[PDB]
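As provided, structure.pdb (PDB, C-alpha atoms (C1' of nucleotides) and all ligand atoms) reads as follows.
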MODEL        1
ATOM      1  CA  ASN X  99      89.646 134.289  82.490  1.00  0.00           C
ATOM      2  CA  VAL X 100      90.433 132.185  85.560  1.00  0.00           C
ATOM      3  CA  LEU X 101      93.251 129.618  85.688  1.00  0.00           C
ATOM      4  CA  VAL X 102      93.102 129.336  81.915  1.00  0.00           C
ATOM      5  CA  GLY X 103      95.514 127.252  79.889  1.00  0.00           C
ATOM      6  CA  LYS X 104      98.007 128.821  77.526  1.00  0.00           C
ATOM      7  CA  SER X 105      96.625 126.829  74.595  1.00  0.00           C
ATOM      8  CA  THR X 106      93.119 128.004  75.487  1.00  0.00           C
ATOM      9  CA  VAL X 107      94.323 131.612  75.384  1.00  0.00           C
ATOM     10  CA  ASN X 108      95.979 130.879  72.024  1.00  0.00           C
ATOM     11  CA  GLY X 109      94.678 127.656  70.535  1.00  0.00           C
ATOM     12  CA  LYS X 110      96.265 124.229  70.328  1.00  0.00           C
ATOM     13  CA  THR X 111      98.922 123.250  67.800  1.00  0.00           C
ATOM     14  CA  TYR X 112      99.714 119.911  66.129  1.00  0.00           C
ATOM     15  CA  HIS X 113     103.189 120.292  64.647  1.00  0.00           C
ATOM     16  CA  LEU X 114     105.563 117.665  66.070  1.00  0.00           C
ATOM     17  CA  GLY X 115     106.280 114.461  64.204  1.00  0.00           C
ATOM     18  CA  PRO X 116     107.290 110.915  65.086  1.00  0.00           C
ATOM     19  CA  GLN X 117     111.054 111.425  64.847  1.00  0.00           C
ATOM     20  CA  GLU X 118     111.267 114.376  67.226  1.00  0.00           C
ATOM     21  CA  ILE X 119     108.714 112.775  69.551  1.00  0.00           C
ATOM     22  CA  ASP X 120     110.939 109.692  69.695  1.00  0.00           C
ATOM     23  CA  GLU X 121     114.024 111.808  70.361  1.00  0.00           C
ATOM     24  CA  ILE X 122     112.090 113.599  73.114  1.00  0.00           C
ATOM     25  CA  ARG X 123     111.537 110.166  74.633  1.00  0.00           C
ATOM     26  CA  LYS X 124     115.239 109.335  74.366  1.00  0.00           C
ATOM     27  CA  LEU X 125     116.274 112.574  76.081  1.00  0.00           C
ATOM     28  CA  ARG X 126     113.747 112.080  78.883  1.00  0.00           C
ATOM     29  CA  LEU X 127     114.910 108.514  79.512  1.00  0.00           C
ATOM     30  CA  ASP X 128     118.552 109.609  79.250  1.00  0.00           C
ATOM     31  CA  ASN X 129     118.872 112.592  81.610  1.00  0.00           C
ATOM     32  CA  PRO X 130     115.598 113.468  83.352  1.00  0.00           C
ATOM     33  CA  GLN X 131     117.464 115.978  85.525  1.00  0.00           C
ATOM     34  CA  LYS X 132     118.928 117.918  82.599  1.00  0.00           C
ATOM     35  CA  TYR X 133     115.975 117.385  80.233  1.00  0.00           C
ATOM     36  CA  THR X 134     113.058 118.308  82.459  1.00  0.00           C
ATOM     37  CA  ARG X 135     109.466 118.669  81.309  1.00  0.00           C
ATOM     38  CA  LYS X 136     109.763 122.456  81.156  1.00  0.00           C
ATOM     39  CA  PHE X 137     113.091 122.234  79.324  1.00  0.00           C
ATOM     40  CA  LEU X 138     111.646 119.939  76.665  1.00  0.00           C
ATOM     41  CA  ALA X 139     108.527 122.102  76.417  1.00  0.00           C
ATOM     42  CA  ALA X 140     110.648 125.191  75.772  1.00  0.00           C
ATOM     43  CA  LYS X 141     112.910 123.358  73.324  1.00  0.00           C
ATOM     44  CA  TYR X 142     110.127 121.838  71.204  1.00  0.00           C
ATOM     45  CA  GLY X 143     107.429 124.487  71.626  1.00  0.00           C
ATOM     46  CA  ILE X 144     104.916 122.224  73.371  1.00  0.00           C
ATOM     47  CA  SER X 145     103.284 121.986  76.764  1.00  0.00           C
ATOM     48  CA  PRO X 146     104.702 120.147  79.799  1.00  0.00           C
ATOM     49  CA  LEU X 147     101.479 118.150  79.831  1.00  0.00           C
ATOM     50  CA  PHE X 148     102.257 117.047  76.276  1.00  0.00           C
ATOM     51  CA  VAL X 149     105.808 116.155  77.316  1.00  0.00           C
ATOM     52  CA  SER X 150     104.399 113.965  80.072  1.00  0.00           C
ATOM     53  CA  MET X 151     101.869 112.541  77.611  1.00  0.00           C
ATOM     54  CA  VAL X 152     104.419 111.427  75.027  1.00  0.00           C
ATOM     55  CA  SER X 153     107.485 110.700  77.181  1.00  0.00           C
ATOM     56  CA  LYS X 154     107.954 108.753  80.391  1.00  0.00           C
ATOM     57  CA  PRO X 155     110.687 109.301  83.007  1.00  0.00           C
ATOM     58  CA  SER X 156     113.054 106.707  84.424  1.00  0.00           C
ATOM     59  CA  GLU X 157     112.099 104.282  87.177  1.00  0.00           C
ATOM     60  CA  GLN X 158     115.086 105.394  89.246  1.00  0.00           C
ATOM     61  CA  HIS X 159     113.999 109.023  88.866  1.00  0.00           C
ATOM     62  CA  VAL X 160     110.423 108.358  89.961  1.00  0.00           C
ATOM     63  CA  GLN X 161     111.630 106.197  92.858  1.00  0.00           C
ATOM     64  CA  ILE X 162     114.000 108.850  94.188  1.00  0.00           C
ATOM     65  CA  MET X 163     111.396 111.595  93.949  1.00  0.00           C
ATOM     66  CA  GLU X 164     108.786 109.422  95.665  1.00  0.00           C
ATOM     67  CA  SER X 165     111.358 108.946  98.426  1.00  0.00           C
ATOM     68  CA  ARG X 166     111.804 112.728  98.539  1.00  0.00           C
ATOM     69  CA  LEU X 167     108.052 113.110  99.008  1.00  0.00           C
ATOM     70  CA  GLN X 168     108.181 110.521 101.783  1.00  0.00           C
ATOM     71  CA  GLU X 169     110.945 112.439 103.560  1.00  0.00           C
ATOM     72  CA  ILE X 170     109.071 115.739 103.291  1.00  0.00           C
ATOM     73  CA  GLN X 171     105.933 114.106 104.691  1.00  0.00           C
ATOM     74  CA  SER X 172     107.864 112.460 107.525  1.00  0.00           C
ATOM     75  CA  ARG X 173     109.364 115.803 108.539  1.00  0.00           C
ATOM     76  CA  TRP X 174     105.859 117.220 109.082  1.00  0.00           C
ATOM     77  CA  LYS X 175     104.302 117.835 112.484  1.00  0.00           C
ATOM     78  CA  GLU X 176     100.909 116.708 113.731  1.00  0.00           C
ATOM     79  CA  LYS X 177      99.067 119.897 112.797  1.00  0.00           C
ATOM     80  CA  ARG X 178     100.330 120.048 109.209  1.00  0.00           C
ATOM     81  CA  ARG X 179      99.461 116.386 108.655  1.00  0.00           C
ATOM     82  CA  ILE X 180      95.911 116.921 109.902  1.00  0.00           C
ATOM     83  CA  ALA X 181      95.657 120.077 107.793  1.00  0.00           C
ATOM     84  CA  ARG X 182      96.691 118.197 104.658  1.00  0.00           C
ATOM     85  CA  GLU X 183      94.117 115.469 105.269  1.00  0.00           C
ATOM     86  CA  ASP X 184      91.568 118.259 105.763  1.00  0.00           C
ATOM     87  CA  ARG X 185      92.610 119.805 102.446  1.00  0.00           C
ATOM     88  CA  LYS X 186      92.149 116.443 100.756  1.00  0.00           C
ATOM     89  CA  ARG X 187      88.638 115.977 102.157  1.00  0.00           C
ATOM     90  CA  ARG X 188      87.639 119.565 101.343  1.00  0.00           C
ATOM     91  CA  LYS X 189      88.849 119.165  97.766  1.00  0.00           C
ATOM     92  CA  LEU X 190      86.878 115.925  97.498  1.00  0.00           C
ATOM     93  CA  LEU X 191      83.814 117.822  98.724  1.00  0.00           C
ATOM     94  CA  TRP X 192      84.324 120.392  95.950  1.00  0.00           C
ATOM     95  CA  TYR X 193      83.368 117.871  93.255  1.00  0.00           C
ATOM     96  CA  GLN X 194      80.377 116.230  94.959  1.00  0.00           C
ATOM     97  CA  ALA X 195      78.130 119.223  94.233  1.00  0.00           C
TER      98      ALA X 195
ATOM     99  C1'   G S   1      80.911  67.903  97.149  1.00  0.00           C
ATOM    100  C1'   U S   2      84.213  62.859  94.357  1.00  0.00           C
ATOM    101  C1'   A S   3      82.795  69.280  89.485  1.00  0.00           C
ATOM    102  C1'   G S   4      81.532  72.770  85.927  1.00  0.00           C
ATOM    103  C1'   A S   5      79.142  77.435  84.918  1.00  0.00           C
ATOM    104  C1'   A S   6      78.136  81.375  87.720  1.00  0.00           C
ATOM    105  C1'   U S   7      80.836  88.817  91.020  1.00  0.00           C
ATOM    106  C1'   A S   8      84.936  92.249  92.144  1.00  0.00           C
ATOM    107  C1'   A S   9      89.240  93.163  92.709  1.00  0.00           C
ATOM    108  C1'   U S  10      94.647  92.201  91.918  1.00  0.00           C
ATOM    109  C1'   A S  11      97.764  92.705  88.420  1.00  0.00           C
ATOM    110  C1'   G S  12      99.121  91.079  82.944  1.00  0.00           C
ATOM    111  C1'   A S  13      98.525  91.204  77.573  1.00  0.00           C
ATOM    112  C1'   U S  14      96.433  93.435  73.036  1.00  0.00           C
ATOM    113  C1'   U S  15      93.925  97.516  71.366  1.00  0.00           C
ATOM    114  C1'   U S  16      92.160 102.633  72.538  1.00  0.00           C
ATOM    115  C1'   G S  17      91.314 108.888  72.245  1.00  0.00           C
ATOM    116  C1'   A S  18      94.267 113.174  73.005  1.00  0.00           C
ATOM    117  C1'   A S  19      99.139 118.487  71.488  1.00  0.00           C
ATOM    118  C1'   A S  20      94.123 117.130  76.280  1.00  0.00           C
ATOM    119  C1'   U S  21      89.720 125.289  79.641  1.00  0.00           C
ATOM    120  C1'   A S  22      97.880 121.847  83.071  1.00  0.00           C
ATOM    121  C1'   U S  23     100.420 130.645  82.813  1.00  0.00           C
ATOM    122  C1'   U S  24      97.905 124.821  88.897  1.00  0.00           C
ATOM    123  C1'   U S  25      94.832 118.939  87.126  1.00  0.00           C
ATOM    124  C1'   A S  26      97.259 116.090  91.563  1.00  0.00           C
ATOM    125  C1'   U S  27     101.008 117.960  95.659  1.00  0.00           C
ATOM    126  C1'   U S  28     105.302 120.880  96.896  1.00  0.00           C
ATOM    127  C1'   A S  29     108.564 124.884  99.284  1.00  0.00           C
ATOM    128  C1'   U S  30     109.962 130.226 100.090  1.00  0.00           C
ATOM    129  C1'   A S  31     108.693 135.438 100.311  1.00  0.00           C
ATOM    130  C1'   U S  32     105.098 139.646 100.568  1.00  0.00           C
ATOM    131  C1'   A S  33      99.867 141.602 101.919  1.00  0.00           C
ATOM    132  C1'   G S  34      95.825 140.423 104.649  1.00  0.00           C
ATOM    133  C1'   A S  35      92.294 137.273 107.519  1.00  0.00           C
ATOM    134  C1'   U S  36      92.246 133.821 111.447  1.00  0.00           C
ATOM    135  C1'   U S  37      92.260 129.578 114.233  1.00  0.00           C
ATOM    136  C1'   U S  38      94.223 125.978 118.033  1.00  0.00           C
ATOM    137  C1'   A S  39      94.686 125.613 125.228  1.00  0.00           C
ATOM    138  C1'   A S  40      93.061 122.244 130.229  1.00  0.00           C
ATOM    139  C1'   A S  41      97.162 123.969 135.433  1.00  0.00           C
ATOM    140  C1'   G S  42      92.330 123.269 137.103  1.00  0.00           C
ATOM    141  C1'   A S  43      86.678 123.550 136.944  1.00  0.00           C
ATOM    142  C1'   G S  44      81.057 122.822 135.852  1.00  0.00           C
ATOM    143  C1'   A S  45      77.151 119.169 134.227  1.00  0.00           C
ATOM    144  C1'   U S  46      76.089 113.972 133.529  1.00  0.00           C
ATOM    145  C1'   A S  47      77.242 108.688 134.057  1.00  0.00           C
ATOM    146  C1'   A S  48      80.156 104.928 135.985  1.00  0.00           C
ATOM    147  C1'   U S  49      84.099 102.432 139.542  1.00  0.00           C
ATOM    148  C1'   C S  50      85.659 102.243 144.441  1.00  0.00           C
ATOM    149  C1'   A S  51      84.311 103.729 149.375  1.00  0.00           C
ATOM    150  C1'   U S  52      81.650 106.028 153.676  1.00  0.00           C
ATOM    151  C1'   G S  53      76.885 105.769 156.116  1.00  0.00           C
ATOM    152  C1'   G S  54      73.174 102.700 157.741  1.00  0.00           C
ATOM    153  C1'   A S  55      67.634 104.545 155.648  1.00  0.00           C
ATOM    154  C1'   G S  56      64.688 100.662 153.809  1.00  0.00           C
ATOM    155  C1'   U S  57      63.620  95.450 153.769  1.00  0.00           C
ATOM    156  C1'   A S  58      63.123  90.302 155.839  1.00  0.00           C
ATOM    157  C1'   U S  59      63.335  87.560 160.455  1.00  0.00           C
ATOM    158  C1'   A S  60      62.416  87.162 165.896  1.00  0.00           C
ATOM    159  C1'   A S  61      63.575  79.512 169.286  1.00  0.00           C
ATOM    160  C1'   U S  62      63.058  76.823 163.804  1.00  0.00           C
ATOM    161  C1'   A S  63      63.315  72.229 167.462  1.00  0.00           C
ATOM    162  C1'   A S  64      59.164  69.230 168.127  1.00  0.00           C
ATOM    163  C1'   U S  65      53.620  67.712 168.543  1.00  0.00           C
ATOM    164  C1'   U S  66      48.660  68.300 166.509  1.00  0.00           C
ATOM    165  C1'   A S  67      45.531  69.477 161.865  1.00  0.00           C
ATOM    166  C1'   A S  68      44.785  70.452 156.092  1.00  0.00           C
ATOM    167  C1'   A S  69      47.143  69.860 151.469  1.00  0.00           C
ATOM    168  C1'   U S  70      51.871  65.756 148.239  1.00  0.00           C
ATOM    169  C1'   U S  71      56.251  61.486 144.867  1.00  0.00           C
ATOM    170  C1'   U S  72      56.356  56.345 145.331  1.00  0.00           C
TER     171        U S  72
HETATM  172 MG    MG X 201      89.860 120.124 124.301  1.00  0.00          MG
HETATM  173 MG    MG X 202      78.819  99.137 152.359  1.00  0.00          MG
ENDMDL
END
Show me, as structure tokens, the structure contained in the file I just sent.
Amino acid sequence: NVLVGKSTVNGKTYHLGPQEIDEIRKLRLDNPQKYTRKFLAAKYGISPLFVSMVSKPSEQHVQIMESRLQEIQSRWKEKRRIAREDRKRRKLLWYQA
RNA sequence: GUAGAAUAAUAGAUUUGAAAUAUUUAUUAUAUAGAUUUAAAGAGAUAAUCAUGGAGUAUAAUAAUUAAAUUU
């Protein structure tokens, strides 16, 4: 197998209920730093994709991490910026087929 | 147009499927192994912008008289 998902290796599970899904949401909105996607996935035996599906982080959290991305991009040099645009175009060309 | 029906966005609302081939889907650093790429101090070719040079071209008094052709 190549880049296979864990659920695909061992099939999907449907075992969480409304109350613990709601409390997952409360934890995520409370302390996104302490209760990360991987932490919640480990705690509740689900996938980080499912955590993102059911929960939603805080606006402050997303704003600060977008700013972090902006800083990392700004610290780049000319060559890395061009290389990243090239990666984007190449990846887009993957799907045209 | 003294006015309405008539495309897409931009967002909004109300619904909507999923545990979503996410131990890499999007993008983000380090380390190891390996494979590579990227010059313009100047130059060639071509074109253009400035020159240089004076080939080529026109004219050889351009006044006036005579003659043929014209607006009123
Ligand atoms: Mg070059
Ligand atoms: Mg000259």
So how far away is CA of residue 192 in chain X from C1' of residue 27 in chain S, in Å? 16.9 Å
Output as a VMD selection string the set of chain S residues within 8 Å of chain X, with distances taken over all atoms listed in the file. chain S and resid 19 21 to 24
Result set of the PyMOL selection byres (((not hetatm)) within 8 of (chain X and resi 202)) on the coordinates above, as a PyMOL selection string: chain S and resi 51-53
For this file, the PyMOL selection byres (((not hetatm)) within 12 of (chain X and resi 201)) selects which residues, as number ranges by chain? S: 38-40
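By only C-alpha atoms (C1' of nucleotides), and with residues fewer than 6 positions from residue 132 in chain X along its chain excluded, the set lying at most 12 Å from it is residues 125, 126, 138, 155 and 159 of chain X.
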Output C-alpha atoms of each residue in that selection to a file, as an mmCIF file, in the coordinates of the input.
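And here's result.cif as it stands now:
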data_model
loop_
_atom_site.group_PDB
_atom_site.id
_atom_site.type_symbol
_atom_site.label_atom_id
_atom_site.label_comp_id
_atom_site.auth_asym_id
_atom_site.auth_seq_id
_atom_site.Cartn_x
_atom_site.Cartn_y
_atom_site.Cartn_z
ATOM 1 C CA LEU X 125 116.274 112.574 76.081
ATOM 2 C CA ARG X 126 113.747 112.080 78.883
ATOM 3 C CA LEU X 138 111.646 119.939 76.665
ATOM 4 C CA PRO X 155 110.687 109.301 83.007
ATOM 5 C CA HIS X 159 113.999 109.023 88.866
#
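For the pair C1' of residue 25 in chain S and CA of residue 180 in chain X, the separation is 22.9 Å.
Of note, CA of residue 166 in chain X and CA of residue 184 in chain X are spaced 22.2 Å apart.
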Report as a short mmCIF file (atom, residue, chain, number, x, y, z; two decimals) with C-alpha atoms, keeping the file's coordinate frame all protein, DNA and RNA residues lying within 12 Å of residue 133 in chain X, evaluated on only C-alpha atoms (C1' of nucleotides), omitting residues in the same chain fewer than 4 positions from it.
data_model
loop_
_atom_site.label_atom_id
_atom_site.label_comp_id
_atom_site.auth_asym_id
_atom_site.auth_seq_id
_atom_site.Cartn_x
_atom_site.Cartn_y
_atom_site.Cartn_z
CA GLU X 121 114.02 111.81 70.36
CA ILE X 122 112.09 113.60 73.11
CA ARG X 123 111.54 110.17 74.63
CA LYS X 124 115.24 109.34 74.37
CA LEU X 125 116.27 112.57 76.08
CA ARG X 126 113.75 112.08 78.88
CA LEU X 127 114.91 108.51 79.51
CA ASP X 128 118.55 109.61 79.25
CA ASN X 129 118.87 112.59 81.61
CA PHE X 137 113.09 122.23 79.32
CA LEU X 138 111.65 119.94 76.67
CA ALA X 139 108.53 122.10 76.42
CA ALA X 140 110.65 125.19 75.77
CA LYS X 141 112.91 123.36 73.32
CA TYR X 142 110.13 121.84 71.20
CA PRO X 146 104.70 120.15 79.80
CA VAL X 149 105.81 116.16 77.32
CA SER X 153 107.48 110.70 77.18
CA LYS X 154 107.95 108.75 80.39
CA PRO X 155 110.69 109.30 83.01
CA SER X 156 113.05 106.71 84.42
#
Nearest-residue call for residue 20 in chain S, choices X:161, X:171, X:131, X:150, using all atoms listed in the file: X:150
